[PDB]
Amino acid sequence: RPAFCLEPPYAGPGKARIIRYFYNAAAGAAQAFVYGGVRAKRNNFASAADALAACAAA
């Protein structure tokens, strides 16, 4: 998988309240988190399906 799939979720310093998904490699699962709108890192997707497409494919 890409190295970014191993990153913890990054809410960032922003005040937005946006439901997003990260790949939880420890769990081997997609998981929801609250994203602030600013400075997103790579492990940050609109749906569980995009997170898994990216991080659990092949």
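Start at 1 and count along the sequence shown; that's the residue number.
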Exercise for review: Within this chain's modelled residues, let me know which third the CA B factor of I19 belongs to: lowest, middle or highest.
Suggested key: middle
Review point. If you rank the chain by CA B-factor, which third does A51 end up in: lowest, middle or highest?
Key: lowest
Exercise for review: Report the third (lowest, middle or highest) to which the CA temperature factor of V38 belongs, ranking only the modelled residues of the same chain.
Suggested key: highest
Review point. What third of the chain, by the recorded C-alpha B-factor, contains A27?
Key: highest
